[PDB]
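Protein sequence lines correspond, in order, to chains A and B.
Numbering follows the UniProt record's numbering, with no gaps: position 40 of the first sequence is 340.
Numbering follows the UniProt record's numbering, with no gaps: position 100 of the second sequence is 255.
Every residue gets a Cβ at the ideal spot worked out from N, C-alpha and C, and that includes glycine.
I have placed the structure first, in the form of structure tokens, so that the comments after it can refer back to it.
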Amino acid sequence: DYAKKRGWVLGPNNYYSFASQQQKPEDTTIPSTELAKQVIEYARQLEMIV
Amino acid sequence: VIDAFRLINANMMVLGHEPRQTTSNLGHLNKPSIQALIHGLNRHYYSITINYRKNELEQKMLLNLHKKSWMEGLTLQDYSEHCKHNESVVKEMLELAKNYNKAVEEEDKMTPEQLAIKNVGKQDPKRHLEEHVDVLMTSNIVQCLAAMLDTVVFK
């Protein structure tokens with residue numbers, strides 16, 4: 301029953317199936333589109349008060 | 156210092172007739188100088204109003220021209236030349252702040268009229284504290300923004 305949907309093998313003693321390993325994959329160095337937003341916003345509230 | 160003149164004939168002055176005719180745009184600015192008034196001003200000649208009618212086309216060959224750039228808009232100079240500037244400004248702002256603290260601890264139950272009475276110089280907050288903040292904010296914000304643009308425009 302578990303074998304039909306869950307991973308591993310049904311009593312094998314050497315389970316083979318899909319893995320539940322998780323990797324962050326945060327290599328990307330480009331939050332540039334939003335971080336630029338933030339900076340422009342700071343410039344926005346340094347001005348427009350008169 | 157540029158000016159334009161014309162003569163007045165001698166005999167007309169002796170007669171009641173004055174040099175010219177009047178409408179209300181005579182009197183702006185055209186206060187004569189005392190130095191000129193020592194010589195034959197009026198007595199011998201009169202000044203004329205001057206103005207520079209800069210028509211179109213030649214306007215743009217000056218305004219949009221004497222100063223400009225292109226790629227200069229995207230330059231970084233990210234070495235020590237930046238970090239050293241920060242570590243000069245913050246360093247001296249340390250002492251500015253200590254000064255202001257001492258300069259306000261007085262807390263005497265007097266009246267700000269008496270403060271103006273003795274007020275002469277080095278009014279910490281306005282005189283110095285704020286311009287350092289504005290300079291530091293400007294520099295660092297612009298630098299970070301330019302780096303964030305180049306990180307996406309090129310690959």
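* May I have the straight-line CA-CA distance separating B/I157 from B/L284, to the nearest angstrom? => 45 angstroms
* **8 angstroms Cβ cutoff, A/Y342 in contact with chain E** => Included in the structure are the protein chains A and B, with no chain E among them.
* To do: In the DSSP assignment, find the unbroken beta strand (DSSP E) run with B/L181 in it and report its ends.
  => For B/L181, there is no enclosing beta strand (DSSP E), as DSSP marks it with neither H nor E.
* Under 7 angstroms by beta carbon: chain A residues contacting B/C299 -> Counting only Cβ-Cβ distances below 7 angstroms, B/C299 has contacts in chain A at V339, in chain order.
* Go ahead and label B/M216 buried or exposed: buried means 16 or more other beta carbons lie within 10 angstroms of its beta carbon, across all protein chains shown. => exposed
* Consider the Cβ of B/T306: report whether some Cβ of chain A lies at a distance smaller than 8 angstroms. => yes
* To do: Inspect the CB distances between the region 285-301 of chain B and the region 325-339 of chain A and report whether three or more fall short of 8 angstroms.
  => yes
* Of all the CB atoms in chain B, is at least one closer than 8 angstroms to the CB of A/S332? -> yes
* **Neighbour flag for residue 362 of chain A against chain B, beta carbons, 8 angstroms** => The requested residue 362 of chain A is not part of the displayed model; chain A covers only 301 to 350.
* Applying the criterion that 16 or more other CB atoms from any shown protein chain within 10 Å of the CB defines a buried residue, is B/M303 buried or exposed? -> buried
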